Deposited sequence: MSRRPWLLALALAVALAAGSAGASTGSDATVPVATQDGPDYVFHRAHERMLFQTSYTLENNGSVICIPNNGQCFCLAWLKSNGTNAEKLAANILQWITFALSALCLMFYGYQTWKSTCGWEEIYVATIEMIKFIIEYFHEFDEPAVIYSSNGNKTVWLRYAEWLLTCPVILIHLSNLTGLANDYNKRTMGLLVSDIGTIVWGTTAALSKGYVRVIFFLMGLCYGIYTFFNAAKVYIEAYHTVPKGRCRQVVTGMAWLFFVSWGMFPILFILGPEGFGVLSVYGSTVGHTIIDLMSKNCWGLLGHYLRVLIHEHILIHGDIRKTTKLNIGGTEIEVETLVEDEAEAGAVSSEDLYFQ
């Protein structure tokens, strides 16, 4: 079934490989097993469940809001490609140094990173503007993925360097993502909205933190995980990172917009000090509309 050379003969007591002169690329490295049938079976189940959640989130969003639908849109196109060509090039890149690189995974990331990070910069959905910090988040995160993809394509000390360059960009991303969530928390009304923001923060840092961990564990790192093993781990954090996070996002947005429908846009001036930061706290009381320096 492969469309590289899979048939060869060993000659001179396995010191020579002879192949048909049919123009196909050849490498033993490419033919290594992707894992056990149990790992594969587990991966095909989690993918269908991902397809189901992607399908239901989309129809649900069908009843502003563009970031959640798009991540579900990209996720459904991803599943149709997995279904037909999951291990066909270039869903997997089989390269000259013998590496298998899951370009399918890194491509989806590059596609939706702006969408997710714009949504990070718009949790309430009320903003029409994005600050300087949003721009640093996008630049740092895209650098991270570009260095990481380069690390996956490389070997030896070149892989180590590009991974370290990704980690430096990544730390800058995590640091600034943390400030956004802190501002969001003190912006939204006091009740359920702050539960959802707290939920989104946990989902975000755990699921995003797991990507560099799965890199180090996978064939791109120390080869602890098999390819199916890596797919299974990716499906779990994929469900958290995309479907669940966007679902919680849409829910938060609904709650905020309903607050404007009942109480109206009643802002405050919570001056944080987690520094000398400032925030417009939506409240349910018209009376409350003053400067509350809550130095953290």
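The chain's deposited sequence has unresolved stretches at 1 to 48, 112 to 117, 329 to 330, 353 to 356, with no C-alpha coordinates there.
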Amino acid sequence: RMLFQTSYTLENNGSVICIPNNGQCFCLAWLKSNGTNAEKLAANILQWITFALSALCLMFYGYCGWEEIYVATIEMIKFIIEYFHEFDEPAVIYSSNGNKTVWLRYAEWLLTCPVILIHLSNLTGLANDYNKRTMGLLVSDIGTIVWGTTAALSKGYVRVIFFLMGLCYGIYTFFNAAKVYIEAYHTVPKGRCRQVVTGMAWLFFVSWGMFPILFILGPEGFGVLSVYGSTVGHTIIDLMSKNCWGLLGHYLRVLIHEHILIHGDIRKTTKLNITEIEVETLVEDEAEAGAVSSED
From here on, numbers count along this sequence of modelled residues.
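When 279 to 287 is weighed against 13 to 21, 279 to 287 comes out higher, by mean CA B-factor as recorded in the entry. Remark: stretch with higher mean C-alpha B factor among 107 to 115 and 130 to 138 is 130 to 138.
For the set 255, 260, 29, 248, the PDB entry assigns the largest Cα B-factor to 260. Take 179, 85, 192, 159 and read off each C-alpha B-factor from the entry; 192 has the highest. For residue 6, the recorded CA B-factor ranks within the lowest third of the chain. Only modelled residues enter the ranking. In the deposited entry, the Cα temperature factor of residue 56 sits in the top third of values across the chain's modelled residues. Among all modelled residues in its chain, residue 244 ranks in the middle third by Cα B-factor.
In this PDB entry, the Cα temperature factor of residue 90 sits in the bottom third of its chain's modelled residues, the lowest group. Annotation for residue 169: C-alpha temperature factor in the lowest third relative to the rest of the modelled chain, per the entry.
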